[PDB]
Amino acid sequence: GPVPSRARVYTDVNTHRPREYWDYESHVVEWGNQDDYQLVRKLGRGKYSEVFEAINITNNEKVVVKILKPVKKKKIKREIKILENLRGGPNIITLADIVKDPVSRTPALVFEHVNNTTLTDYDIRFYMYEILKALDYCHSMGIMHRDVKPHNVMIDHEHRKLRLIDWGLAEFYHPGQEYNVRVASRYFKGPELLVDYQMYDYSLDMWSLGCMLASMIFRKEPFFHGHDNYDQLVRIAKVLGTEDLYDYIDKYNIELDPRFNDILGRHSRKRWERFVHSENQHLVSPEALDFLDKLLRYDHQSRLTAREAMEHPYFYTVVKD
Ligand SMILES: O=S(=O)(NCCCCNCc1ccc(-c2ccccc2)c(Cl)c1)c1cccc2cnccc12
């Protein structure tokens, strides 16, 4: 069957931690009282959560309350544990409290308040660097986000702040573990997910990040538009080319679902110049394209790490200032 894989970095960080750190099923959640919060207004609905601005009436602080839709208790424990483990890290959303409604018994996460919110080449580089700080941090702490995408990035330009949010899909990396491929939004799914390669790692997040970068510098949202998980990889293959795809499939001895043999065909690797146009050219640089090229690889092992990405020339100006 498939050839195994291990993270190039942060491989064993969880093995070296106490079990309690990663064994979130055993975490006991103490719920506070929702009636210490009064909801003010709805901020937006998500797949498994609806978010409100609220007030803590004990001390009149503005906070954000994320009411969880029905999801298995294991997954609520997982998100809480991850948020607690990451709390205080660079650009990580800060979990303030965990509450349950006294009637409905529906659980809610309470966060620190941030505003949600014409982008300059510099701005994109800056905010991408800020995302990379959060990803390097969470990866270094043994956690994959698994859902990096614009909806999960809060940006307050006034204060030039960035928070990575919605850790509901995040999971701990353990070398050798086979994960669920049925995660992430379609447009941001890595090739590993699409070919059903389960022994994936932090590198998934780097693909998703590359997808984001492509969408912004090229003004094409989504960049890889798909009509079905199958067609999603077809769209990727039409850009990255089929030679490298089949090389990856061979290397890991991956078996490609029937619904893929007569749909991928044969495609050249397309040069990034083909996406550049007069109304995005101000966002596109040799540096940007070199960086993007080094994120968007089929082979998860060959993608830049977060820390490597931060050292790329695209970010030299940001690092300076
Ligand atoms: O409504 S909400 O549920 N979510 C909405 C957030 C929308 C963020 N997307 C905008 C965005 C961010 C970054 C980029 C970017 C920048 C530079 C380079 C590349 C991409 C762009 Cl172009 C766009 C929510 C709201 C408030 C607090 C919450 C607190 N906790 C949970 C949810 C929360």
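Quick look at the numbers
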quantity: Within the stretch 184-198, tally of residues that are assigned to a loop (DSSP other than H, G, I, E, B) and either crowded, with 18+ Cβ neighbours inside 10 Å or of a type in the set (S, T, N, Q) (or both); calculated: 7
quantity: Only one of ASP250, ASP231, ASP257, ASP262 that is under 30 Å from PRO286 (Cα atoms) and out of contact with any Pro (no Cβ under 8 Å at 6 or more places or on another chain); calculated: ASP231
quantity: Any hit, the stretch 92-108, residues being in contact with a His (Cβ under 8 Å, 6 or more places away or on another chain) and within 16 Å of the ligand (Cβ to nearest atom); calculated: no
quantity: Failed item in (1) of a type outside the set (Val, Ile, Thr); (2) within 14 Å of the ligand (Cβ to nearest atom); (3) within 20 Å of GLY142 (Cβ to Cβ); (4) exposed (fewer than 15 other Cβ atoms within 10 Å of the Cβ), with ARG41 passing the rest; calculated: (3)
quantity: Checklist (1) at positive phi; (2) within 20 Å of the chain's Cα centre (by Cα) applied to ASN60, failing item; calculated: (2)
quantity: So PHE172, is it in the same structural domain as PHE188 (by CATH) and within 11 Å of the ligand (Cβ to nearest atom); calculated: no
quantity: Any hit, the stretch 175-194, residues being within 10 Å of the ligand (Cβ to nearest atom) and touching a helix residue (DSSP H, G or I) at 6+ places or on another chain (Cβ under 6 Å); calculated: no
quantity: Top-ranked residue of the stretch 169-183 - restricted to ones that are surrounded by 13 or more Cβ atoms within 10 Å (Cβ to Cβ) and in contact with a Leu (Cβ under 8 Å, 6 or more places away or on another chain), ranked as nearest to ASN91 (Cα to Cα); calculated: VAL183
quantity: Residues (away from the ligand (no atom under 16 Å from the Cβ), surrounded by fewer than 19 Cβ atoms within 10 Å (Cβ to Cβ) and not charged (D, E, K, R)) located in the stretch 199-228; calculated: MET199, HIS225, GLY226, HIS227
quantity: Residue list for the stretch 231-251, restricted to those being more than 22 Å from the chain's Cα centre (by Cα), among the basic types (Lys, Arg) and either under 19 Å from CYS211 (Cα atoms) or crowded, with 21+ Cβ neighbours inside 10 Å (or both); calculated: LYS238
quantity: The stretch 1-36, subset hydrophobic (A, V, I, L, M, F, W, C) and touching a strand residue (DSSP E or B) at 6+ places or on another chain (Cβ under 7 Å), residue surrounded by the most Cβ atoms within 10 Å (Cβ to Cβ); calculated: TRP22
quantity: Selection status of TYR137, more than 10 Å from the ligand (Cβ to nearest atom) and under 14 Å from the mean Cα position of the chain (by Cα); calculated: yes
quantity: Residue among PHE218, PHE223, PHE315, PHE291 that is assigned by CATH to the domain that holds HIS145, over 20 Å from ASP196 (Cα atoms) and in contact with a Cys (Cβ under 7 Å, 6 or more places away or on another chain); calculated: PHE223
quantity: Enumeration of residues in the stretch 300-321 that are under 23 Å from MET141 (Cα atoms) and in a loop (DSSP other than H, G, I, E, B); calculated: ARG303, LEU304, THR305, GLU311, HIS312
quantity: Those residues of the stretch 91-117 which are more than 22 Å from the chain's Cα centre (by Cα), part of a strand (DSSP E or B) and more than 15 Å from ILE57 (Cα to Cα), in sequence order; calculated: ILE98, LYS100, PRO107
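Matching residues to (1) assigned by CATH to the domain that holds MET216; (2) outside any strand (DSSP E or B); (3) under 24 Å from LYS42 (Cβ atoms); (4) more than 11 Å from the ligand (Cβ to nearest atom):
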{"position": "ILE82", "(1), (2), (3), (4)": "no, yes, no, yes"}
{"position": "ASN85", "(1), (2), (3), (4)": "no, yes, no, yes"}
{"position": "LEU119", "(1), (2), (3), (4)": "yes, yes, no, no"}
{"position": "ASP123", "(1), (2), (3), (4)": "yes, yes, no, no"}
{"position": "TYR127", "(1), (2), (3), (4)": "yes, yes, no, no"}
{"position": "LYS133", "(1), (2), (3), (4)": "yes, yes, no, yes"}
{"position": "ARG146", "(1), (2), (3), (4)": "yes, yes, no, yes"}
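The values are calculated or read from the model by the stated rules, or taken from the named source; nothing here is a laboratory result. Virtual Cβ from ideal backbone geometry, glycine too; neighbours counted across all protein chains shown.
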